[PDB]
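As you go down the protein sequences, you meet chains A and B in turn.
Note that the first sequence ends on residue 59 in our numbering; no numbers are left out.
Note that the second sequence ends on residue 59 in our numbering; no numbers are left out.
Input: a single structure, listed below in structure tokens.
There are 2 protein chains.
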Amino acid sequence: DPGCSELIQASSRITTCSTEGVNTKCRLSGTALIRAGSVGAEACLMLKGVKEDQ
Amino acid sequence: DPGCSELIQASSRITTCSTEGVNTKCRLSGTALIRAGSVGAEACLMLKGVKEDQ
């Protein structure tokens, strides 16, 4: 029933992107750590691309 | 004498871009409000594209 709880920002050393045919295809290859919540909570994560809307 | 001072981002809804001949060109068509600088300061504007160096 509930949703997310902890939201952190991913790193940029292992996050690259590329635009082909007016479309940004980002590549992810590395290892990151995230904090887990309590019961019901969700360990969500967001990522930003080359723009502010994608 | 001094460089830029008041810096603000640009609106992506009125800014389009296209890649032609390995040259990602962009066009600007719209209005934007920014605060003017003081005596000697500058009113610079930031503009991005699809990569990190453009």
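Quick reminder that beta carbons are idealized off the backbone N, C-alpha and C, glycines included.
Cβ neighbours of residue i in the same chain (closer than 8 Å, five flanking residues each side left out)
i	result
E47(B)	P7, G8, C9, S10, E11
For residue j and residue i, believed in contact at Cβ under 8 Å, the rounded distance
i	j	result
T21(B)	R32(B)	5 Å
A15(B)	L50(B)	6 Å
Rounded separation between residue i and residue j - CA only
i	j	result
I13(A)	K56(A)	18 Å
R18(B)	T36(B)	11 Å
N28(B)	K53(A)	24 Å
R40(B)	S43(A)	45 Å
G45(A)	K30(B)	48 Å
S34(A)	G26(B)	30 Å
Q59(B)	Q59(A)	18 Å
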